[PDB]
Amino acid sequence: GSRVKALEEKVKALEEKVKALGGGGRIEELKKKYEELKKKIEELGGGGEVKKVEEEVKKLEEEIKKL
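Using the authors' numbering, the letters of the sequence shown map in sequence onto residues 1 to 67.
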C-alpha cells in the first residue's frame with residue numbers, strides 16, 4: 001500500500017486543521033465525519049478506489065470555509 005497508505009497520511013494532516021479552525025457544535029461535528037474517512041482508506045486493499053477517497057475529504061474542508 002505505497003499509494004493507499006500515503007492517502008491516509010494526507011487525510012489526518014487535514015484533521016489537525018479542523019480542530020484548529022474552532023471549537024463548538026459545528027467544529028466538533030465536522031471532525032467526526034473525518035474519522036469515517038480514515039477507516040475507509042484502511043479497508044482499501046488496492047485499486048482505483050483511492051481516488052474516490054481523496055474527493056470525499058475535499059468536501060469536508062469546503063464546509064470549514066463556510067464557517
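C-beta atoms are modelled at their ideal positions from N, C-alpha and C, and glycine is treated no differently.
My output table needs one value for residue i: the three-state DSSP class, helix, strand or coil.
i	result
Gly-1	coil
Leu-67	coil
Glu-49	coil
So residue i and residue j are supposed to be a Cβ contact under 8 angstroms. How far apart are they, rounded?
i	j	result
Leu-37	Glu-63	In fact, because the Cβ distance is near 13 angstroms, the residues do not count as touching under 8 angstroms.
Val-4	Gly-46	6 angstroms
Under 8 angstroms, Cβ to Cβ, is there at least one residue of chain D near residue i?
i	result
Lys-39	The structure shown contains no chain D; it holds only a single protein chain.
Is the separation between the beta-carbon of residue i and that of residue j shorter than 8 angstroms?
i	j	result
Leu-44	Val-53	yes
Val-50	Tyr-34	no
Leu-14	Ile-41	no
Classify residue i: buried if its beta carbon has 16 or more other beta carbons within 10 angstroms, exposed otherwise.
i	result
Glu-9	exposed
Quiz item: Quick one: complete alpha helix (DSSP H) runs, 4+ long, within the stretch 13 to 47?
Solution: Runs of the alpha helix (DSSP H) inside the stretch 13 to 47: 25 to 43.
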